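Before any comments, here is the structure.
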């Protein structure tokens, strides 16, 4: 269970950056589930790109293309 | 805009945070780059008025 | 190859005594690539809708007018027109 | 005779201070090694015996942090519209629903 | 009544009229300060978001950085890089803007302070300054000092590992007493990255009224102490209740007087 590695204070930190003052006790699991779903989708696309490229290593450009496919362009890792 | 943002913080080298501030502090560029995430960019400081005492 | 040196040459004209980090340089590289891809794809569509072989300055101008916001688009068109005029004159 | 302590911060004050502190900076907020382990674990379900690039993982972390930050930004608006200070899972669900997720 | 003078005088211990038996103190001092802190890596600058005019004062002139500043609400004083520069009102610990205080005798419980003139709420009065101890020295010096039979212990815990001593050197804030009806209180302000303790008022204190602050009750030994205020519900005791052979006969009072007079 590495999902528990996303610590409670880490989620509090992300919320603080977002501008949340007071956090309820169930926000953390819900965020864990959301992040799991999002990462699952992105990783699925990235591995699809890799397997099409016949590679075994997963390049960063594949992550970039996947994020673009989702519709979230990322500047910096080009 | 990036240089203006940099001079505003007493710096001589443009950094990704400065690009973020310049782009997001503009009416039209933000519209043009609404769906773009800048690495090491951060967000705009702002606090909702219903939270301050 | 990339646009790094060209970005520098542009940077020094609008801010002489300043620098820029490699990460910022890569971000700008991505931005140039992204805008180029957007405009090119739009022009390719426009050239398809009218069943014409050639993409022309008119096509690029149509794409720019469609893609950019107003105040930005107007200045973009002005600059492009000035450049293409100077190219022949 | 004893050692008297001065006082206790009013609640929310340090919360706002942290809000400013973390909005001013630009850094990674998630523990990197746990994140790498999580990514590896969930990737094992698509292709056994894979290998990653460091940048490929850094990009994933960046995108995830930005996505969560945007989600919380909308969720805070949702909660405020609900006339609440505390943030609730129902607000998150509403944000995701309206956004289209 | 205060009469701060550098010449030591003939007043033993009460420090009511002659303040020059011990030494006063400016901003506190440290002993084992190392460069392991959040001083200049993430709290390099926390600048308020203000767009002032500063060209119109004394006529349609709003005071700069009032109760709408981002730093005042969060108990942070501005740095020298404030947009208001030398007109920002947050830097009260640096410009030493204080209140009018005076030390005389009020009750036999001990010495204290009474307000000189009217003083509104949320007004800074004095800063608590002393000597900063460390981990090891506190638990040795306290037991070395408990056997000296002293009544007042000037110890204040800044953090979980920092206790400030205001005994050897102390400012005018060492005389303030305790009451169950506090009109002043203590606040933890952050200046220049370092944490400081200040005293704020809470109400409209009339001219000539007491100015005390509430203790967070604490006891250290087996013994107990009690307060003498008794406003309406005084907890009675400082620190509350919870804790956290041949004899040399003593000469009679008559003989003490006689032996005093024969010299």
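Start at 1 and count along the chain as shown; that gives each residue its number.
Per the header of the entry, the method used was electron microscopy, 3.1 Å.
Cβ from N, Cα, C; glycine included.
What Swiss-Prot annotates here:
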BINDING   E:48, E:50, E:65, E:69  Zn(2+) 1 binding site
BINDING   E:65, E:78, E:82, E:88  Zn(2+) 2 binding site
BINDING   E:109, E:110, E:111, E:152, E:153, E:154, E:177, E:178, E:225, E:228  S-adenosyl-L-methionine binding site
BINDING   E:180, E:227, E:229, E:234  Zn(2+) 3 binding site
DOMAIN    E:43-97  domain 'AWS'
DOMAIN    E:99-216  domain 'SET'
DOMAIN    E:223-239  domain 'Post-SET'
Neighbours of residue E:229 (Zn(2+) 3 binding site) among the binding-site residues E:69, E:78, E:82, E:109, E:111, E:153 (Cα to Cα, within 10 Å): E:109
Chain-internal residues, separated by at least six, CB under 8 A from residue E:88 (Zn(2+) 2 binding site): E:64, E:65, E:78, E:82
Minimum Cα separation from residue E:48 (Zn(2+) 1 binding site), reported as the residue among binding-site residues E:109, E:111, E:177, E:234 that achieves it: E:177
Where the record names E:109, E:110, E:111, E:152, E:153, E:154, E:177, E:178, E:225, E:228 as binding S-adenosyl-L-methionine, the maximum Cα to Cα distance in Å: 19
Among E:82, E:153, E:225, E:234 (the binding-site residues), residues with Cβ under 8 Å to chain D, listed in sequence order: E:153, E:225
Protein Cβ atoms within 10 Å of residue E:109 (S-adenosyl-L-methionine binding site), excluding its own: 13
Residue distribution over DSSP helix, strand and coil in the domain 'SET' (E:99-216): 16 helix, 44 strand, 58 coil
Neighbour count (Cβ, 10 Å) for residue E:65 (Zn(2+) 1 binding site): 22
8 Å Cβ shell about E:48, E:50, E:65, E:69 centroid, Zn(2+) 1 site members excluded: E:49, E:64, E:66, E:68, E:70, E:71, E:72, E:78, E:82, E:83, E:84, E:88, E:90
Number of Cβ atoms other than its own within 10 Å, given for residue E:82 (Zn(2+) 2 binding site): 23
Residue E:78 (Zn(2+) 2 binding site): tally of other CB atoms within 10 A of its CB: 26
